[PDB]
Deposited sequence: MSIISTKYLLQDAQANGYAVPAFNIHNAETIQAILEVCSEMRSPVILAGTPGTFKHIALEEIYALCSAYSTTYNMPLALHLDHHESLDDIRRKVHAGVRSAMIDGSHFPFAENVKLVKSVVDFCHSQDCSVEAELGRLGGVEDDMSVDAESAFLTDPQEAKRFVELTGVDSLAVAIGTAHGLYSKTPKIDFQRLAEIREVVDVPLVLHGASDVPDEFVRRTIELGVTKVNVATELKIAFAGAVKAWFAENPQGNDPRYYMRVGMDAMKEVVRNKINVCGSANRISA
């Protein structure tokens, strides 16, 4: 079963935990995530960016998730991360995806709203949930609480990505997270909040953001560093080695450690049954 995240993030919100959202690339990266989530009874979101689908097309990622849903006996929420076009999201929703992020955050408010609204209208007709973003990751760079209230009112989005100090990738210095702004947003925004850029954020800061209303925590970079680091080590030690059953498994196992760490921080263990 492939599902949206409408009920899922509401449950996270109501119970004080967040759903980890992991960016995936292929069979082994999906499987690594699901081996841990199934064991820990954690919900999960499996996400791909447009660049993801230039490597393995969505039709094949979808097919893999549909089969893995049966294999691990769990419905799965496949999610379009940082998509930017209504036409592209339409094609991908027709292909079966039921969660999308439309990211218009580098546009002025009015144009962001128009883009996002066009995506909400289509996606809700397809039973697809919609995330959008107000504020840029990394003024323009912090989400304003009253603006976020209005943004959600004009768009009808199911969840909202906020800008409170996180950034994609590694941080060169420990980030500064604006917990007071987060608290203020949560006071006036009722839809589930989303935290991007969570790789390399101290666990105590992520935990605090979930206490203050974060329902979805996105992790991409740490997964890739772990996977790749292990494959690199394996080829160094095995110059004549060539069987993916061996080298991809060492990548999977290093990635699994990160997945367990993130489930722990998100508080998502034992939230499904």
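Engineer: Without any C-alpha position in the structure, which residue ranges of the deposited sequence would you list, numbering from 1?
Structural biologist: According to the record, the gaps fall at 1, 140-150, 286.
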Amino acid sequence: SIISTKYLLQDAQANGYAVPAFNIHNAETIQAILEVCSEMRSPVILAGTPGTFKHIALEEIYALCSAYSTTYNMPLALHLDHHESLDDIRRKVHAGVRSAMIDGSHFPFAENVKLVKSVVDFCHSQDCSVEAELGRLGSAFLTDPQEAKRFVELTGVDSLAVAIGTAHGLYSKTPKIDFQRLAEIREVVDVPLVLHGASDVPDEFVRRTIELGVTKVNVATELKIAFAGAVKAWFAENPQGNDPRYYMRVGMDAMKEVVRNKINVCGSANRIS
From here on, numbers count along this sequence of modelled residues.
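Engineer: Mean Cα B factor from the PDB record: higher for 149-157, or higher for 75-83?
Structural biologist: Result: 149-157.
Engineer: Pick between 171-179 and 196-204: the one whose mean CA B-factor in the entry is higher.
Structural biologist: Comparing 171-179 with 196-204, the higher average CA B-factor belongs to 171-179.
Engineer: Among the choices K224, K232, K216, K54, identify the one whose CA B-factor in the record is greatest.
Structural biologist: When the deposited C-alpha B-factors of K224, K232, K216, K54 are compared, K54 is largest.
Engineer: Could you place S139 in the lowest, middle or highest third of its chain by Cα temperature factor, using the values in the record?
Structural biologist: Top third by C-alpha B-factor.
Engineer: When the modelled residues of the chain are sorted by Cα temperature factor, does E59 land in the lowest, middle or highest third?
Structural biologist: Its C-alpha B-factor belongs to the middle third of this chain's values.
Engineer: When the deposited Cα B-factors of this chain's modelled residues are ordered and cut into thirds, is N270 in the lowest, the middle or the highest one?
Structural biologist: It belongs to the highest third of the chain when residues are ordered by C-alpha B-factor.
Engineer: Test of reading the entry: by CA B factor among the chain's modelled residues, which third contains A110?
Structural biologist: For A110, the deposited C-alpha B-factor lands in the highest third.
Engineer: Determine, from the deposited record, the chain-internal third of the Cα B-factor for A14: lowest, middle or highest.
Structural biologist: Highest third, going by the recorded CA B-factors of the chain.
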